[PDB]
Amino acid sequence: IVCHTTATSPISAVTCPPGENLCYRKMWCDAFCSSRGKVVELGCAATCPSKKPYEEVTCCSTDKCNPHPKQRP
Amino acid sequence: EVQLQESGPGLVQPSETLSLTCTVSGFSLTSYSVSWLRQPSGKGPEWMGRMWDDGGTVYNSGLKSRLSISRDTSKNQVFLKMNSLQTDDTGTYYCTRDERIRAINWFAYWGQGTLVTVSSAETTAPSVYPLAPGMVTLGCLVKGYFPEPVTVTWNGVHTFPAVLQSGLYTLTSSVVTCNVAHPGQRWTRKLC
Amino acid sequence: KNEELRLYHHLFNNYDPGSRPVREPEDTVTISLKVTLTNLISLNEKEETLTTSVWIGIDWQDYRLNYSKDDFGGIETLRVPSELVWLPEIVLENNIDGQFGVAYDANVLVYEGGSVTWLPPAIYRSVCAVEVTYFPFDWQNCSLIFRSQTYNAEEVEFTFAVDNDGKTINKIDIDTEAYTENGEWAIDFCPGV
Amino acid sequence: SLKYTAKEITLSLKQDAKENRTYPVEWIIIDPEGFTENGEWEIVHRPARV
Amino acid sequence: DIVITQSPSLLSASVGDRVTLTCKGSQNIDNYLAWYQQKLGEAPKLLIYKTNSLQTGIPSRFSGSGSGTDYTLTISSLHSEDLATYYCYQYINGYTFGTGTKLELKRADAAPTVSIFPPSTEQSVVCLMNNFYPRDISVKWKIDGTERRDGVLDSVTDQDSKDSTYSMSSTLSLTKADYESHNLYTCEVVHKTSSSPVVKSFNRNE
Amino acid sequence: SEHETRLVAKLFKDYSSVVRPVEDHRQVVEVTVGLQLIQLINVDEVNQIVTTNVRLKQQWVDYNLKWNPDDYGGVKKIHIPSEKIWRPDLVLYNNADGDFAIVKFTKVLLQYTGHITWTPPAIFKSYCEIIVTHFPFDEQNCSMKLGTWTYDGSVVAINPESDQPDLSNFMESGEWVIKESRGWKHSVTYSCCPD
Amino acid sequence: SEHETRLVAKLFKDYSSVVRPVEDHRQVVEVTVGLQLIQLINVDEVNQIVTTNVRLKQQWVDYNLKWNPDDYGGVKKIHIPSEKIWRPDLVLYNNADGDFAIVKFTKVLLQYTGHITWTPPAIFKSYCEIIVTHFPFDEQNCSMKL
Amino acid sequence: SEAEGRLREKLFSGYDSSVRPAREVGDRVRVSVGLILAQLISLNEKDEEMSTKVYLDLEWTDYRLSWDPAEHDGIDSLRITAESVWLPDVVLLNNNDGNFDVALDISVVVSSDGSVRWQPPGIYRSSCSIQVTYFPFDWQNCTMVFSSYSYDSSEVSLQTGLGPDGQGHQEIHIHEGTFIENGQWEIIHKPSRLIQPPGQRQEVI
Ligand SMILES: *[C@@H]1O[C@H](CO)[C@@H](O[C@@H]2O[C@H](CO)[C@@H](O[C@@H]3O[C@H](CO[C@H]4O[C@H](CO[C@H]5O[C@H](CO)[C@@H](O)[C@H](O)[C@@H]5O)[C@@H](O)[C@H](O[C@H]5O[C@H](CO)[C@@H](O)[C@H](O)[C@@H]5O)[C@@H]4O)[C@@H](O)[C@H](O[C@H]4O[C@H](CO)[C@@H](O)[C@H](O)[C@@H]4O)[C@@H]3O)[C@H](O)[C@H]2NC(C)=O)[C@H](O)[C@H]1NC(C)=O
Ligand SMILES: *[C@@H]1O[C@H](CO)[C@@H](O[C@@H]2O[C@H](CO)[C@@H](O[C@@H]3O[C@H](CO)[C@@H](O)[C@H](O)[C@@H]3O)[C@H](O)[C@H]2NC(C)=O)[C@H](O)[C@H]1NC(C)=O
Ligand SMILES: *[C@@H]1O[C@H](CO)[C@@H](O[C@@H]2O[C@H](CO)[C@@H](O)[C@H](O)[C@H]2NC(C)=O)[C@H](O)[C@H]1NC(C)=O
């Protein structure tokens with residue numbers, strides 16, 4: 018599958034390495050949530066990534082299902 | 222409006238001092254830098270030095286020991302004084318007004334330039350001889366004269382630049398009698 | 016040429032930081048205030064001083080600094096030294112050491128449409144009276160009092176910042192993902208009024 | 814003075830006068846009324862010298 | 079300092095042609111390169127600076143572009159008055175100038191009117207070629223069957239203001255007395271309109 | 010030093026320290042940052058503060074501060090007061106109770122290419138979590154988060170000079186041994202703004 | 270805003286902070302002084318030093334800073350930096366080891382009548398004659414001389 | 010003092026204090042560094058820190074500050090506030106409290122030949138590695154490292170200040186009847202050394 022990743026600058030869609038298929042988006046707030054909103058992390062994993070108590074994690078297998086909140090799928 | 226007139230001795234003896242003068246009009250030396258360029262005979266131009274608006278100077282590091290630059294803001298004149306002249310110093314010398322942004326300067330306007338040449342040869346009138354035949358045409362050849370210019374006339378005319386033979390000029394002409402005049406008269410004619 | 020230089024000259028060639036951004040003298044400047052606590056350095060009970068590092072988020076409208084990005088090549092923000100713009104002069108009234116002001120004069124951000132944002136960091140040694148009655152099992156009600164040192168309520172008026180979700184943040188904000196609790200004190204509540 | 818030396822500035826003790834006669838003030842001046850004496854130290858002498 | 083190389087050394091073009099001139103340094107010039115135009119015997123005039131900024135009063139016909147190590151000057155529609163020598167120069171690491179590229183008017187080719195003239199009794203021998211085009215040409219001479227001669231020199235005319243053709247002349251150390259060094263001699267020249275050399279010769283008599 | 014005086018006069022005659030030193034506002038200023046650790050002054054386990062004497066080498070190119078060396082007698086470098094030039098506003102994000110930014114404005118080495126090198130001294134009182142369970146046989150991983158306070162990555166970009174702090178000038182501590190060190194660049198993005 | 274800028278320019282164009290703000294030098298500047306006590310920070314019995322946080326309100330009329338409100342759109346009061354105006358140099362005479370004078374130069378409030386109100390904060394470490402006989406039931410009469 | 014005012018106005022016409030007084034573009038400014046120890050305030054073994062009150066003794070030449078005394082009413086020397094002349098940025102490199110500069114910028118003395126002499130006071134807290142082994146019978150070896158913070162060895166050349174005889178008296182000068190004697194520490198050896206570089210800068214220790 019192809020998922021968006023924040024490893025590259027700017028965010029780009031990259032095919033998952035072999036062994037991983039699920040797209041995910043993890044977002045959590047930090048000190049700059051006053052104006053900048055929640056942090057955004059994009060990548061691909063073999064299983065729905067773990068979630069911290071304050072971090073919301075979303076997992077989906079469809080194509081282009083993990084865009085940036087300000088960009089359409 | 223903005224114009225610069227280069228001036229000075231066209232002929233200078235070797236080891237003498239060149240004393241060129243640049244005359245400025247249309248702007249104030251106190252607000253524009255003036256720089257000296259020379260283009261040697263058969264060479265690309267090179268930078269010699271700059272007269273700053275603040276009245277300081279800077280020189281080409283290869284000529285630092287030889288050049289002097291000075292100005293008279295009252296006269297709108299900039300002077301270039303150079304010693305130890307040699308045959309390599311023959312060429313056209315330009316003064317230029319500069320332009321700048323921040324600390325970066327470039328040449329913006331040029332003077333007409335003064336042709337400066339140096340040699341030990343004294344002035345002499347040309348000897349002449351006709352071009353003997355090997356549309357009909359005839360020609361005259363001349364040699365042994367210094368300096369240029371020289372005038373040639375006949376009775377489609379073509380003339381050739383003054384060429385140095387051994388540090389002394391030579392000339393040829395084509396178009397019957399040629400009439401020649403030199404500033405420092407003559408006749409030559411074609412025959413069977 | 017850098018368009019930021021044109022924008023800076025357009026904004027600040029005719030500007031007076033000594034006067035409020037009001038068209039009529041009776042207008043109040045609305046200030047959006049937010050305080051973010053980075054770490055609680057210590058509470059000293061012997062001196063009754065609470066030491067904290069905070070970031071003060073201050074936003075206001077300055078009509079004189081108004082510009083449009085379309086007229087300046089798409090510049091959406093300009094960074095300006097805070098000494099050049101008018102500032103509401105927010106200070107910690109209940110400091111103990113006499114340091115009323117912030118610790119670093121960060122640049123202000125001037126957004127298109129005349130919105131100004133300032134976010135200086137500060138170290139504050141505020142007074143906090145200690146309830147010793149149940150030591151060591153006590154809790155302490157320390158407080159931070161912010162006010163404008165110069166302007167009265169009819170010149171400068173405070174309001175709480177609004178979160179991106181549209182809710183007023185009437186509390187001290189904390190980076191829960193990066194904050195670390197103090198080795199002696201834990202924080203339970205932090206309301207703002 | 815570190816910025817000026819004895820060639821540049823001449824230091825001297827303040828002169829006062831009493832009964833039209835001047836005298837140098839060769840001592841530290843202390844208020845006999847408003848000087849709160851220290852809790853642990855009594856000033857026994859207080860000369861001044863150039 | 080940055081060495082500046084400029085090419086093509088000679089460009090022949092007709093009125094209304096688009097033309098481009100190229101300038102290349104030995105090092106990065108950071109767009110700090112300028113162009114000026116000089117006509118024969120008159121003050122040069124600056125055309126362009128900072129590789130893009132057109133000088134005031136210069137027509138927009140002139141345009142400049144380039145970056146890094148290579149730069150170009152381009153003329154949209156060559157006017158008759160624009161025939162001149164063009165120089166690029168850089169001004170961030172010393173001042174260094176190109177060799178200059180001469181811009182010449184295009185024309186049909188013309189064969190050289192080659193002729194030879196033995197030294198008259200008043201004398202030196204001379205060889206000439208007239209009204210050839212283009213100016214690029216080669217010439218050679220021999221005496222008593224031996225090529226070249228001592229003191230060989232050449233002198234070529236400027237471009238004809240009307241015909242745009244060119245002419246050349248050449249001479250050697252052969253005085254009226256020195257003419258006895260050979261019984262006969264010949265000279266020849268080649269050009270675009272004459273692949274075989276046009277030649278002329280003199281015998282023991284003129 | 011007439012040439013250098015003239016150069017300094019002509020560089021700053023109309024210099025602006027407010028706008029970024031770019032040729033075009035869409036370009037990004039690239040700053041090379043290198044931490045040098047001179048001395049570990051103190052570690053406070055109670056307040057969780059580590060005091061370090063450091064140098065922040067900062068390098069960037071200023072477009073407006075170029076000059077031609079031949080115009081000024083061959084002067085290829087000058088030292089100038091750093092208060093005059095534009096500077097990146099590096100702030101110690103995890104400062105405990107020290108100075109957030111640089112306060113010792115030492116001179117800047119400026120080169121004819123416009124390359125600026127600045128190495129101001131600083132004392133960083135960084136705040137870090139102290140793990141005491143193994144005391145006195147404990148080890149502590151303490152850190153110094155450096156970043157431009159008001160400039161973002163689309164406007165000013167910072168890059169580490171080397172993957173490790175320069176320890177070549179490090180005074181040997183009598184209380185702690187630095188087993189390893191490294192510097193990582195991080196680039197977070199927030200949900201308001203992908204740009 | 271333009272009105273206030275014009276006013277501030279007109280006032281200080283030829284103002285002098287060295288001379289006293291009176292019409293005639295034979296007049297006396299009437300300064301009204303009011304001490305506000307914010308906190309008793311410390312009592313140092315061994316050194317006899319009392320540390321307090323105070324506001325030293327000062328009020329006086331500057332004869333030269335009058336303006337007509339109708340000339341400037343009804344602007345009746347403005348805030349200006351205290352470093353620009355003449356100020357009374359009040360000093361804590363019995364300072365032990367603190368600042369003698371005000372060092373936090375906050376802005377003054379200037380009214381169209383020329384009335385100036387200045388309330389700078391200060392920390393006063395006044396020397397006090399601590400009496401320890403009845404310790405710890407003692408009463409201390411500590412004072413500040415301004 | 011009108012003639013002094015006129016001379017002072019002449020000297021600073023076009024003077025730039027931020028520019029070092031190299032005449033040719035390659036010249037180096039030789040600076041002699043001396044140290045006068047006024048008081049050894051303390052040595053702290055817990056903080057590995059030595060506190061000293063000293064007077065520096067910096068001497069160099071600035072060709073821009075030279076004049077003919079016969080043309081200026083016989084004025085053979087001039088005293089100038091240090092902020093208005095070029096000063097070498099000599100700082101204590103091994104300071105422990107983060108304070109590099111001197112405690113008070115006093116006026117420099119300028120001789121008519123352009124020789125500048127500067128003797129600013131300083132309070133310094135240099136770090137000093139404590140030889141704990143034989144405490145409290147130990148002797149300590151504490152160094153004060155002075156060098157230009159910015160200028161390279163190719164721009165400013167440091168030298169140990171000579172003795173009054175012009176001999177290489179590479180020592181901390183102590184005014185034997187003025188030095189405030191420390192009650193716990195006895196000064197035994199007080200040498201100085203110019204340290205050559207292995208961006209290269211020299212140090213006077
Ligand atoms: C003491 O404590 C400190 C902190 O207090 C702690 O420091 C951490 O140390 C660990 C390792 O010891 C660090 O982990 C590594 O971090 C590396 C940095 O990654 C960041 O930067 C990357 C930027 O470079 C790329 O990206 C940019 C643009 O993106 C591009 O221009 C560059 O050219 C370049 O390509 C970036 O990629 C990376 O993003 C990842 O993570 C974010 C989450 O923040 C996520 O959103 C992205 O999708 C992406 O996953 C991140 O921003 C990192 O490179 C390195 O990678 C290793 O592991 C990965 C597997 O995850 C492998 O693929 C790779 O080959 C490497 O093996 C690794 O993750 C950590 O960042 C430090 N954190 C801090 C805060 O300092 C010390 O370790 C502690 N000490 C001890 C002894 O434990
Ligand atoms: C922590 O401290 C703050 C301030 O010291 C406390 O808030 C204050 O609580 C008092 C309680 O007496 C309030 O006073 C009274 O409030 C009521 C409600 O309006 C009013 O009717 C009374 O006349 C009187 O003013 C005071 O307003 C309030 N102040 C603020 C700013 O909230 C707070 O309660 C303390 N925390 C806890 C957990 O007790
Ligand atoms: C601030 O400036 C902007 C930009 O000029 C103003 O918005 C409009 O901009 C257009 C430019 O195309 C003008 O024609 C309009 O007159 C402007 N005004 C309105 C009301 O649309 C804006 O009004 C200015 N003021 C504020 C308070 O933002």
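Residue numbers (the working numbering), protein chains in the order written: chain S, 18 to 90; chain E, 222 to 413; chain R, 16 to 208; chain G, 814 to 863; chain Z, 79 to 284; chain Y, 10 to 204; chain X, 270 to 415; chain W, 10 to 214. We treat Cβ as the ideally placed atom computed from N, Cα and C, and that holds for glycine.
Practice prompt. Closer than 7 Å is what we want: which residues have a beta carbon that near any heavy atom of ligand 2? List them in chain order.
Written response: R:156, R:158 and R:208
**OP:** Please decide whether residue 402 (chain X) counts as near chain R, where near means a Cβ-Cβ distance under 9 Å.
**Re:** no
ask   = Assuming residue 240 (chain E) contacts residue 229 (chain E) under a Cβ cut-off of 8 Å, what Cβ separation, rounded to an integer in Å, is found between them?
value = 6 Å
**OP:** Would you verify that the beta carbon of residue 48 (chain S) is, or is not, closer than 9 Å to some beta carbon of chain R?
**Re:** yes
At least three beta-carbon pairs within less than 8 Å, the segment 381 to 391 of chain E to the segment 271 to 278 of chain Z: no
Would you identify the three-state DSSP class for residue 147 (chain R), choosing helix, strand or coil?
-> helix
Original post:
From this set, Z:81, Z:250 and Z:102, which residue's C-alpha is nearest residue 143 (chain Z)'s C-alpha?
Top reply: Z:102
Residue range of the beta strand (DSSP E) that residue 815 (chain G) falls in?
-> No beta strand (DSSP E) contains residue 815 (chain G), which DSSP labels as neither H nor E.
- residue 14 (chain W) (DSSP reduced to helix, strand or coil): helix
- Item | chain G contact residues for residue 10 (chain W), given Cβ-Cβ distances below 7 Å | Here the premise fails: no neighbours, minimum Cβ distance about 11 Å.
query = Within the structure, which residues are defined as neighbours of ligand 3 by a Cβ-heavy atom distance below 6 Å, reported in chain order?
reply = R:78, R:81, R:83, R:128 and R:129
- In the DSSP assignment, find the unbroken beta strand (DSSP E) run with residue 92 (chain R) in it and report its ends. 92 to 95
Worksheet item: Any heavy atom of ligand 1 closer than 8 Å to the CB of residue 24 (chain S)?
Response: yes
| task | Given a cut-off of 9 Å, decide if residue 345 (chain E) and residue 417 (chain E) are closer than it, judged by their beta-carbon atoms. | result | Here chain E has residues from 222 to 413 only, and residue 417 (chain E) is not among them.
**Request:** Identify the continuous alpha helix (DSSP H) that holds residue 18 (chain R) and give its terminal residues.
**Result:** 18 to 27
Could you tell me which of W:54, W:50 and W:67 sits nearest to residue 60 (chain W), measuring between CA atoms?
-> W:50
* Tell me, please, whether the segment 123 to 139 of chain R touches the segment 75 to 89 of chain R by the rule of three or more beta-carbon pairs shorter than 8 Å. => yes
- prompt: Would the beta-carbon of residue 193 (chain Y) be found less than 8 Å away from any heavy atom of ligand 1?
  reply: yes
Check: Taking the Cβ atom as the reference point for each residue, do residue 44 (chain W) and residue 166 (chain W) lie within a distance shorter than 9 Å?
Finding: no
(Q) Distance cutoff 9 Å, beta carbons only. Does residue 130 (chain R) sit that close to anything in chain Y? (A) no
Check your understanding: When the Cα of residue 226 (chain E) is compared with those of E:283, E:280 and E:316, which residue comes out closest?
Key -> E:316
If you check the beta carbons only, do residue 231 (chain Z) and residue 391 (chain E) fall under 9 Å apart? yes
Q) Going by alpha carbons, who is nearest to residue 149 (chain W) out of W:17, W:138, W:156 and W:28? A) W:138
| task | Figure out for me which residue from E:274, E:403 and E:376 has the closest Cα to the Cα of residue 383 (chain E). | result | E:403
Next item on the list: Return yes when the C-beta of residue 39 (chain Y) is under 8 Å from any heavy atom of ligand 1, and no when it is not.
Entry: no
For this session: Compare the C-alpha of residue 217 (chain W) against each of W:23, W:24, W:65 and W:21 and name the closest.
Result: The structure shown does not extend to residue 217 (chain W), since chain W is modelled only from 10 through 214, so no value can be given for it.
Start and end residues, alpha helix (DSSP H) containing residue 17 (chain Y)
11 to 20
Suppose the cutoff is 8 Å on Cβ atoms and the five residues either side in sequence are ignored; what does the same chain contact list for residue 88 (chain Z) look like? 179, 180, 182, 213 and 214
Is residue 141 (chain W) helix, strand or coil by DSSP?
-> helix
* For chain E, find out if any of its Cβ atoms is closer than 9 Å to the Cβ of residue 15 (chain Y); answer yes or no. => yes
*asked:* Could you check whether residue 20 (chain Y) and residue 271 (chain E) sit closer than 9 Å to each other, using their CB atoms as the reference points?
replied: no
Worksheet entry | residue 82 (chain Z): first and last residue of the uninterrupted beta strand (DSSP E) it sits in | 82 to 85
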